[PDB]
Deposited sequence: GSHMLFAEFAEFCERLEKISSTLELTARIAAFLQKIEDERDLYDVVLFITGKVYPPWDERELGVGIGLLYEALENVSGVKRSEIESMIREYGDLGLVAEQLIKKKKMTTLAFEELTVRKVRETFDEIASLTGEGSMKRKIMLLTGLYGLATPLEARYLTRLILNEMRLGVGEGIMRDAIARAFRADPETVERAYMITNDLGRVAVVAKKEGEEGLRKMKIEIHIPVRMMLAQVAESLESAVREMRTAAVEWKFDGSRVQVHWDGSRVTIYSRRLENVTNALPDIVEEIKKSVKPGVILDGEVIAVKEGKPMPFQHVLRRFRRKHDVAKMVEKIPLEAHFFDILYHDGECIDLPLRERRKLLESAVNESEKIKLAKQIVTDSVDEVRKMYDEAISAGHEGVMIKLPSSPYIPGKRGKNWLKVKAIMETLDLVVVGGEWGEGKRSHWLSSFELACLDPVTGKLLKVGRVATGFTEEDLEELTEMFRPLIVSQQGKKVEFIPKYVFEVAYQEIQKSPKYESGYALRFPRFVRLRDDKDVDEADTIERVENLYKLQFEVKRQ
């Protein structure tokens, strides 16, 4: 009929695997997108090609782990899970295994196959809604029903989609460019629209229906997260405060960045990576309802405090993880706001100094809700005094901002600069590992680390880490990595990209040993970052900038 079969999409994706050119990928994808008339097949295709079923800020998650996939594949193929697991290490991809099992199964028991993107979407939406007793088994039954109806190539990309790695060499950059190409829009205005909606599918549909003009007309709306404006690391305090002659200066807090939307009938709170953390923060939510003027979207920092003294940011992260009533008691919080993006209408096109005024009249300071102290100055001595004060208070340094700059969602330019005493850590994808030896043989001991190329979504190796781990760390990480082993050559294993580590280092060197062109000198494990998906790992561009900044 008229509805797109997932198989049409699947065959399209298969052909993209052969193509390594970024421009060629862009042009192929644009051509495909142009010929979709049904706007929800368009929406789904744009999401699906990026390995996404839902936007991260959407409260819906599939909640399907590789173990559920194994059981479903068991059900449909008859082959036992132990054999399917050896097949993943043989083929290096569960998608290729699923393809092989279904190829064998329809050869044995022929039926007509293919399902619509619409059915895939509906089945996914049901799976996402399932909680409680028996929910895991029904999820397996729903997946089993889907694999029973799918072609081998459909089963491949269904599997890769659920695992969020399509392996097509297509990232966010190619998709922005392909949507721009398809629908006669400037790639910069597709980009801009993405930064305020955080749904590329929605953006594609607007580009289809209304072109460039419809994309420019898109506005910030409350409860839809906007990509935060980001700051560059400054070389030094006096170099930053001379590029800008006069500068707005604030503390840089040891905490977690959030964005608060309200309203004023309900509050939503988004984290730095735009996870909806509202239900984790009833304490902050209530304080916002009494202390802030309704109809705003605020940029802020949440910090953990205890008996009047500051606590480190990973304490806020624990709150974000989550009976949440117990957590409010263990880990008290306060919020410090430093910007405003919405005040009965967009206000990001102002003037920092003008936004500041808007911010001041919007919050009524209490014990749990504060404004960032801001000074405006051309004096290096004044900013060093704030810097000193910030550090003595248990925080990191200062933010230095251009008082005339507008707020630019998702952008990391020189209009904001962070100057802190400590160096940066990186968050990097765990792409591989090594088994320990002798007694430690039952644990992974060493981990391969990769940064992200945001245009292609490819992971570029950047180093290897073995220090900074407790033995319970190794116990825990081995258990969570084991199912993801997709290659084992002796001690060397490769993983399905999934987990992100926070990693410290002494130096980034240029090196030919990795695809990235960079190597970490003395990498050291800080912690596992559950708050971070693989597409929130630090980018090759970040690594490059951090390298250049050493000299």
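**Q** Counting from 1 along the deposited sequence, which stretches lack C-alpha positions?
**A** In sequence order, the gaps with no modelled C-alpha are 323 to 324, 554 to 558.
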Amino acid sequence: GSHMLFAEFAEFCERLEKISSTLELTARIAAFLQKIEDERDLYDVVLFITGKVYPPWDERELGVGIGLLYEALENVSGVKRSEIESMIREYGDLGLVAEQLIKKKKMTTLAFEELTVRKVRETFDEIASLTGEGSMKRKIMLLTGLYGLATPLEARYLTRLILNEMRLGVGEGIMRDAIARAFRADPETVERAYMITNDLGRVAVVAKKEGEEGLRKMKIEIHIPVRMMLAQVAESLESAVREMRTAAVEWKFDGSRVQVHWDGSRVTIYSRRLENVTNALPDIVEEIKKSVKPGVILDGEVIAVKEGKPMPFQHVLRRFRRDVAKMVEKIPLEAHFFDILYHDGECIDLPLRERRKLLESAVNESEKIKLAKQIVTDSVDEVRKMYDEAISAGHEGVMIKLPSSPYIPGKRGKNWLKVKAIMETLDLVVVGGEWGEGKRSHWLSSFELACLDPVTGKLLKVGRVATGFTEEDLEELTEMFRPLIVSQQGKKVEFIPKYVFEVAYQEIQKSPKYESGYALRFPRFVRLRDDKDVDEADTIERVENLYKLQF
From here on, numbers count along this sequence of modelled residues.
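**Q** Could you check the entry and say whether 522 to 530 or 489 to 497 has the higher mean CA B-factor?
**A** Averaging CA B-factors over each stretch, the winner is 489 to 497.
**Q** Of the two stretches 95 to 103 and 357 to 365, which shows the higher Cα B-factor on average in the entry?
**A** Comparing averages over the C-alpha atoms only gives 357 to 365.
**Q** Per the entry's Cα B factor values, which of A372, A128, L426, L298 stands out as the maximum?
**A** Comparing C-alpha B-factors across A372, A128, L426, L298, the maximum falls on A372.
**Q** Can you tell me which of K139, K385, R176, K252 has the maximum CA B-factor listed in the PDB entry?
**A** That would be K385.
**Q** C-alpha B factor of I400, ranked within the chain: lowest, middle or highest third?
**A** As the PDB entry reports it, the C-alpha B-factor of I400 lands in the middle third of its chain.
**Q** Which third of the chain does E61 land in by C-alpha B-factor: lowest, middle or highest?
**A** Its C-alpha B-factor belongs to the middle third of this chain's values.
**Q** Tell me, lowest, middle or highest third: where does the Cα B factor of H315 rank within its chain?
**A** For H315, the deposited C-alpha B-factor lands in the middle third.
**Q** Against its chain's modelled residues, does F112's Cα B factor rank lowest, middle or highest third?
**A** Highest third, going by the recorded CA B-factors of the chain.
**Q** Please say which third, lowest, middle or highest, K458 falls into when its CA temperature factor is compared across its chain.
**A** As the PDB entry reports it, the C-alpha B-factor of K458 lands in the middle third of its chain.
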